[PDB]
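The structure tokens that follow cover one protein chain in two forms, given apart as structure 1 and structure 2.
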Structure 1
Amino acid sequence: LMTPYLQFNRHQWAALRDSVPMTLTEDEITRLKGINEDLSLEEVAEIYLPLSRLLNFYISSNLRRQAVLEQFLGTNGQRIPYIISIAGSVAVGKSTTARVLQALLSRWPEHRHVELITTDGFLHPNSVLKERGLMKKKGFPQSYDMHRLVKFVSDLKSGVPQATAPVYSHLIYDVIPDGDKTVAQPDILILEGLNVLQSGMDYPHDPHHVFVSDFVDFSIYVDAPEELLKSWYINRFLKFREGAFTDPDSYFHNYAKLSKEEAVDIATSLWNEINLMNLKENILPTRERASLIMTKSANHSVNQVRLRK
């Protein structure tokens, strides 16, 4: 049956890809690989360049509408950033997807200044999660300072000249105590996190009545089947453990003393008991709120793009 999404067929996707010259210079190819050494350049050419080009159509149409309204309404021409959000399971590739889209979108002269903010920064710090008995519930709704996350995007959509977000580090598994990131009226702000499509219903312990989505222009849910997500999560955990072999400041220091087999069992249980329950209860149900659903397969290659009609 018909749904609110069109699924791109290969001729529509190819025409999008081929609509512009947008293959990259050598230096740009180098910086892309620096985002993630496992990123395929074939994916960049077949998937991420066209997806960034698709977004440009939306962003550009919005700038023109803004010019038309400022003339009509007689307003002072104030800059409002276009906000793109990126949702999905832990370990689906939200960060990589977001960093790739930041780099590619910045190539278009109409919107060169692209910022990226993760919702991880808005987690309550470990001290606080401890106080509340939620250290096993990191990434669940009760673990976020949701009111502050909404205020951040709300302030941006208010035309504030600067806004400040707290910052989180996966390497030390916590919010950086004085590591705040200040942004100033970018053309585009990408908001990356598992909870960007969540709403007041997900926070009954402390309700809010205006949602992140109410301040977001375009949202992407990055989707993938459970088994792939689990293996991606375990592999990434093993990578951090490896890092910890030589870096004493890694939070994975003690995991690097275990056998690999035991480390795998731990990661497996973290996935099963925390991130997978979080997916099923809180993340996956938000999926049909997205502007666009990008589905991933083997080796992270995107096999389906659905866009709201």
Structure 2
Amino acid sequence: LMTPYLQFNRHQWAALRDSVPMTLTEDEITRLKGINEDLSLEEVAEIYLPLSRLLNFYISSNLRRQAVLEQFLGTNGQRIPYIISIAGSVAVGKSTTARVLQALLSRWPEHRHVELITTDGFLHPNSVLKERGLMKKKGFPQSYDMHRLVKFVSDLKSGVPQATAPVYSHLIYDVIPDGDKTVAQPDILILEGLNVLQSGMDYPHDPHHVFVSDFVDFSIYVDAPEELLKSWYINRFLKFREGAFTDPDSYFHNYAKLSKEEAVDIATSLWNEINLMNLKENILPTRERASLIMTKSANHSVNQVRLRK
């Protein structure tokens, strides 16, 4: 019967966009199309604009509270960013969702400065994964420097003036040597990664006792059926392959050299043997820890939103 979530179907969620009227400007439409050419502006208006408005109500409540607490705390303390996390399967659309929300949240005067950090950067470099026999376990708990990731969000929630994150490139399939990103007290930080709702129980080989989620204000799990995820993963793989036709520095150039059919077979096996296993064992069991679960159907169309009561 009753669950910890308010549940919206698409009709009810899209109905929210008039409760408070919002409309994209030309400049914004151009950013959004630059984030993802396949992303529907209709989908932005019906789904992501209401979601950005929902989040502004949460962020605004936090800022009002902070202003009250400053009455006795005093206004000398550090600026602490509001942290939104985005979890879900490999290839469900976390990066797209994060980039879209970054663009939309940047509107509001209360919170113009929005940073985006992906947990990919906190993977151990390939040389270390190789040393440990983990090269086909990339994305599994053992492949992350999870202590460093927890320290990064901890430091942000400690009010450090700057914190630095390592960065990964899907193009070179590795952590970028000397490519670290520095953030400086943003209003919002969006942390995107499959493992953002994981905890010490997922890392029994090297446990931690305070979790990423203990430093996150609001978490979104993007959900979809396995059959869709596989299709989206394979399609994305083929787009990276296309990108590599003329980029011999892409790791995907190895696959550009193969027939499309054989590339598809490789991508299918990577999905089945690595990412699907990761989803079932490590990602999906964390879904019910999210503040909000956003479910997708064919063509990336959101068909359900569930929000913690």
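We call the rigid core whatever largest set of C-alpha positions still superposes within 1.5 Å between the two forms. Every residue number counts along structure 1's sequence, beginning with 1.
Checking 158, 126, 231, 75 for C-alpha shifts of 2 Å or more between the two structures, after the rigid core is superposed, gives a single hit: 75. In a rigid-core overlay of the protein, residue 19 has its C-alpha displaced by at least 2 Å between the two structures. Taking the core as the reference frame, the CA atom of residue 110 shifts 0.3 angstrom between the two structures. Its Cα shifted by 1.1 Å between the two structures, residue 244 is reported here after superposition on the rigid core. On the core-superposed pair, the CA position of residue 8 changes by 2.1 Å between the two structures.
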